[PDB]
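In C-alpha cells, the next block holds one chain alone, the form solved without the ligand.
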C-alpha cells in the first residue's frame, strides 16, 4: 500500500501542506469530481489492493508509527508501532476482513474492543474535542504515546487522546481545506490550541454535507444545513457554492445523475 511520510521534527506550514496535499492525492482517483469537489472511491467493487494508504509519522524523539487510512472515507483504521499492530473494532464483516491485509508482517496484531469514532474516544480519554489541544507539539507527543502503548508505556486515556489528535490533523485536514487551514496557522505561530466550533461542526457534518451536495438540485440543497462560525454563531448553507473552498473531499454517497 502507498506510504506517505511526515515528521513533526522541524515541520513548517509548507512541509505540512505538502503532506496533506500528498494524502489527498493518494485518497482520490480523479475519476469523480462533483461541483469541483472530488469524491472518494466507492466501497462497492473496490479491490483490497486499492483499499488503504499508510501514513508513516515520525517525531523529534526519532520514534515512528504508521497509521492506516481506509480510502473510501479517510478514516484511521489502525496503526503499527514496532512489532505490534492495533485496529479499532471493525463495524462489519467486510471491514473485519479487509484489515486482515494490513501490517501482515507485524508479530502481534491486536484489535481493540472499541471503535474509532469520536464519541467512543472522547469517553475513553475523559475530555471532549473542544478541550484537547491541537498543534505540532500535541502531534509530536501523540506519536510517542501511540508508540509506547506497544511497550506498556502508555495509559488508555492517553492512547485515546492521541488518536483524537492524529485524526483531526490528518484525516479531518485532508477532508476540509478549512481545517487544514487551521492547522497551518497553529504551525506558523507555534500555537497549540483546542479547535473552535467551526472546526467541530464541520467534523460532525462531513457525511451530511457529502450527501446534501451529491443529491442537490443543480447545486441547490433541498433543505439547508446549519453550521457554526468560529465565534459560535449559526450559519446556514443552502448551496454547494459556499463550500467549494471549504470541503476538499466527499465520501461516496451516490452515483452522479446524467
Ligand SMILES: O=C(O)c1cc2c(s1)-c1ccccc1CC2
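By rigid core we mean the largest C-alpha set that fits within 1.5 Å across both forms. Only residues modelled in both forms are compared. Positions refer to the first chain, counted from 1.
What comes next is about the form solved in complex with the ligand, which is not displayed.
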In the bound PDB entry, the residue from 213, 39, 53, 202 that sits within 4.5 Å of the ligand by heavy atoms: 202
Does the ligand come within 4.5 Å of any heavy atom of residue 13 in the bound PDB entry? no
I'd like to know whether residue 110 contacts the ligand in the bound PDB entry, with contact meaning heavy atoms within 4.5 angstroms. no
Within a 4.5 Å heavy atom cut-off, is residue 66 in contact with the ligand in the bound PDB entry? no
Check residue 28 for me: does it contact the ligand in the bound PDB entry (non-hydrogen atoms, 4.5 angstroms)? no
If we check the ligand in the bound PDB entry, which of the residues in 44 to 69 reach within 4.5 angstroms of it by a non-hydrogen atom? none
Flagged residue of 63, 33, 225, 48 - C-alpha shift reaching 2 Å or more between this form and the one not shown, core superposed: 33
Relative Cα spacing, residue 30 and residue 218, in the bound PDB entry - shift of 3 Å or more: farther
Checking the C-alpha spacing of residue 41 and residue 30, a student should find that in the bound PDB entry it changes by 3 angstroms or more, with the atoms closer
Upon rigid-core superposition, which contiguous segments of at least three residues exhibit Cα shifts of 2 angstroms or more between this form and the one not shown? 29 to 31, 33 to 36
